[PDB]
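**Student:** Quick one: the structure is below, and I'll ask about it shortly.
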Amino acid sequence: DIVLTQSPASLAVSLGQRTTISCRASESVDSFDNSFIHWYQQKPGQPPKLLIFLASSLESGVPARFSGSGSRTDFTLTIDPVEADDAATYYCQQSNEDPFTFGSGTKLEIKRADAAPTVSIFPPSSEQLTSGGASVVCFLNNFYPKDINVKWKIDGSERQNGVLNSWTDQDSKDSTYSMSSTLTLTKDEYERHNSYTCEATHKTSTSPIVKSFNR
Amino acid sequence: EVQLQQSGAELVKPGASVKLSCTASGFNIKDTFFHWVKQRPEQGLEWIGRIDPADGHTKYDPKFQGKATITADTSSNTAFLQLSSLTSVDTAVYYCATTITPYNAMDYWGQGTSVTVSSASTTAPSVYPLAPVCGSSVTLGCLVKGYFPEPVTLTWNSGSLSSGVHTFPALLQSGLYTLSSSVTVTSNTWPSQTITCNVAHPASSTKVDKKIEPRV
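As given, the protein sequences belong to chains L and H, one line each in that order.
Read in order, the letters of the first sequence correspond to residues 1 to 27, 27A to 27D, 28 to 211 in the deposited numbering.
Read in order, the letters of the second sequence correspond to residues 1 to 52, 52A, 53 to 82, 82A to 82C, 83 to 97, 100C to 100G, 101 to 128, 133 to 214 in the deposited numbering.
Following this line, the structure appears as structure tokens:
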């Protein structure tokens, strides 16, 4: 089968820059007339979107910031200029030979200025407490870079058991990240303690952002 | 522009089979080649095979021979993918797609169908509204706890509230999936205007609405 090797596997690029992604085929994907290489953009949860077909043709409806080039085995996708909407994984695909095959993808991240998170804490809902459960939720929203540390403190003791952390994919508008940290306890365990704290440590400050409540 | 509309998410026991559909509107399926493409969680794309609906001719990646059967029905303008004797490695999102009107690119894609292969039964989510603790802007939340399998769809005010939303990818905890979402509005917007989290879970055929209400 034709193996398509993409490089880089991931890259970060700032707004307005030009960048290129490489796709190399294990054997030629060409006829006398065309290179049967196509490029797609995919964001998590959505289908792939066609950008470039037959190595160099711009798909209708796609911005003229995307261009493709190459022949034989060596292909290039160019993005110029890069915009915030371009945060996505990019795939090449060949159709010269069966089976059709895809490259393993290039994840494009947008580089921007550091931003501190906005932190919000949420006690268990009254409905969850009626059911006999208790989750404490903390949102750490619109920060950059993605690396961030969250710690839960219950009455002055740090706790990691039962914490579920989920990061959003990079925002297509402001290129920030957000994360949700949920501390799930039993209700009988929750109402035996009173002080609950979400602490966010991010490179935008040495002192953590602290949000807390008393049950 | 055209539209490819895929059938809904499915939970399948190991060893059973499932048949997915891809209904085309805006064009005649006889005038293109249809493809099915597999994407395992956090993985890349795998071409399964293709069909020419004008005569039914098929071509498969040998990897999927026996596992996958692609058909099409011109009477209903629909292409199908049957997956047989499912195992855990068949858990994936499956896409249909059409060729530019089989060696050109795939320019139109269905929205994907999530197939989960598991012996575990469906579990409906518990959906909890998250109001602020008992400024110029306020952040509200919705916790979607303990469902199986994926996916759920979450909206705010039936989708009319879409700016300022962060919906956090589902993850496994304690054997089930949990997902959450935040929405940030101006303090003159809430609680003055009602804000409701709407959660649909296809596998359990459930649809629940939770209004965010100030704590007391």
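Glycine is no exception: its CB is placed at the ideal position from the N, C-alpha and C atoms.
(1) What residues in the segment 125-152 of chain L bring their beta carbon closer than 9 Å to a beta carbon of chain H?
(2) At the 8 Å Cβ level, is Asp170/L part of the contact set with chain H, yes or no?
(3) Assuming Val206/H contacts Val197/H (C-beta within less than 8 Å), just tell me the rounded distance between them.
(4) By Cβ distance below 8 Å, which residues in the same chain neighbour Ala100F/H in space, the five residues on each side in sequence not counted?
(5) Express the C-alpha separation of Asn92/L and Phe49/L in angstroms, rounding to a whole number.
(6) Taking one C-beta from the segment 97-104 of chain L and one from the segment 118-134 of chain L each time, how about it: are there three or more such pairs within less than 8 Å?
(7) Is the CB-CB distance between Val132/L and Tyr192/L below 8 Å?
(8) Could you check where the beta strand (DSSP E) with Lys207/L kicks off and where it finishes?
(9) From the beta carbon of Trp47/H, is the nearest beta carbon of chain L less than 8 Å away?
(10) Leaving out five residues before and five after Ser108/H in sequence, what residues of the same chain have Cβ atoms less than 7 Å from its Cβ?
(11) Under a three-way DSSP split, which group does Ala25/L fall into?
(12) Anyone know if the C-beta pair for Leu160/L and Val146/L falls short of 8 Å?
(13) For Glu10/H, list the residues DSSP reports as bridge partners.
(14) Does the Cβ of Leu45/H have 16 or more other Cβ atoms within 10 Å, making it buried, or fewer, making it exposed?
(15) With 8 Å set as the bound, which would you pick, yes or no: does the beta-carbon of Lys58/H sit closer than that to a beta-carbon of chain L?
(16) Helix or strand or just coil, what does DSSP make of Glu123/L?
(17) If contact is defined by three or more beta carbon pairs under 8 Å, each pair taking one atom from either stretch, is the segment 168-180 of chain H in contact with the segment 140-154 of chain L?
(18) Using a Cβ-Cβ distance under 8 Å, would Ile96/H count as near chain L?
(19) Contact defined as beta carbons within less than 8 Å: I believe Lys13/H pairs with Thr73/H. What is the distance between those atoms, to the nearest angstrom?
(20) I'd like to know whether the C-beta atoms of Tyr100D/H and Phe32/L end up nearer to each other than 8 Å.
(21) Starting from the beta carbon of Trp103/H, find every residue of chain L whose beta carbon is closer than 7 Å, and list them in chain order.
(22) Can you list, in chain order, the residues of its chain whose CB lies under 8 Å from that of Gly104/H, leaving out five sequence neighbours each side?
(23) Could you name the residues that DSSP lists as bridge partners for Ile51/H?
(24) Indicate the three-state DSSP secondary structure (helix, strand or coil) for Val85/H in the structure shown.
(25) For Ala100F/H and chain L, any beta-carbon pair shorter than 8 Å?
(26) Which of helix, strand or coil does DSSP assign to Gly128/L?
(27) Taking just the CA atoms, how far does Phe28/L sit from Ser26/L?
(28) For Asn190/L, does the count of other Cβ atoms within 10 angstroms reach 16, so buried, or fall short, so exposed?
(29) Would you mind reading off the limits of the beta strand (DSSP E) that contains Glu185/L?
(30) Please classify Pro200/H: does DSSP put it in a helix, a strand, or coil?
(31) Per DSSP, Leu50/L is paired with what?
(32) Identify every residue that forms a DSSP beta bridge with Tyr140/L.
**Tutor:** On the basis of the coordinates in this document:
(1) Within the segment 125-152 of chain L, the residues whose Cβ lies closer than 9 Å to some Cβ of chain H are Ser127, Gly129, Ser131, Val133, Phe135, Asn137, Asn138, listed in chain order.
(2) Not an interface residue.
(3) The Cβ separation is near 5 Å, so the contact holds.
(4) Cβ within range, chain order: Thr95.
(5) Each residue's alpha carbon lies about 12 Å from the other.
(6) Contact fails: fewer than three Cβ-Cβ distances are below 8 Å.
(7) With a cutoff of 8 Å on beta-carbon distance, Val132/L and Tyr192/L are scored as near each other.
(8) For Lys207/L, the uninterrupted beta strand (DSSP E) segment begins and ends at 201-210.
(9) Closer than 8 Å to some Cβ of chain L, the Cβ of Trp47/H qualifies, so yes.
(10) Within the same chain, Cβ atoms closer than 7 Å to the Cβ of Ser108/H are found at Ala9, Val89, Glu148, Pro149, the five residues on either side in sequence being excluded.
(11) In the structure shown, the three-state DSSP call for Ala25/L is strand.
(12) Between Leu160/L and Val146/L, the gap from beta carbon to beta carbon reaches 8 Å or more.
(13) Paired residues: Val109/H.
(14) For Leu45/H, the number of other beta carbons within 10 angstroms of its own is at least 16, and it is reported as buried.
(15) Taking Cβ atoms only, chain L reaches closer than 8 Å to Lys58/H, which makes this a yes.
(16) Correct three-state label for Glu123/L: helix.
(17) In the pairwise beta carbon analysis, the segment 140-154 of chain L is classified as not touching the segment 168-180 of chain H: fewer than three pairs are separated by under 8 Å.
(18) By this cut-off, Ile96/H is an interface position.
(19) Not a contact, Cβ separation roughly 32 Å.
(20) Taking 8 Å as the Cβ cut-off, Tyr100D/H and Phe32/L qualify as a contacting pair.
(21) The answer, in chain order, is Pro43, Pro44.
(22) So the qualifying residues of the chain are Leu4, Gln5, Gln6, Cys22, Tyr91, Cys92, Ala93.
(23) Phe34/H, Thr57/H.
(24) DSSP, read as helix, strand or coil, puts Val85/H in helix.
(25) Answer yes: the Cβ-Cβ gap between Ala100F/H and chain L drops below 8 Å somewhere.
(26) Here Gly128/L sits in coil by DSSP.
(27) In this structure, the alpha-carbon of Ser26/L lies about 18 Å from that of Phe28/L.
(28) Exposed is the call here.
(29) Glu185/L -> not in any beta strand (DSSP E); alpha helix (DSSP H) instead, spanning 183-186.
(30) Residue state for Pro200/H is assigned as helix, using DSSP reduced to three classes.
(31) According to DSSP, which records beta bridges pairwise, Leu50/L is partnered with nothing at all.
(32) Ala111/L, per the DSSP bridge assignment.
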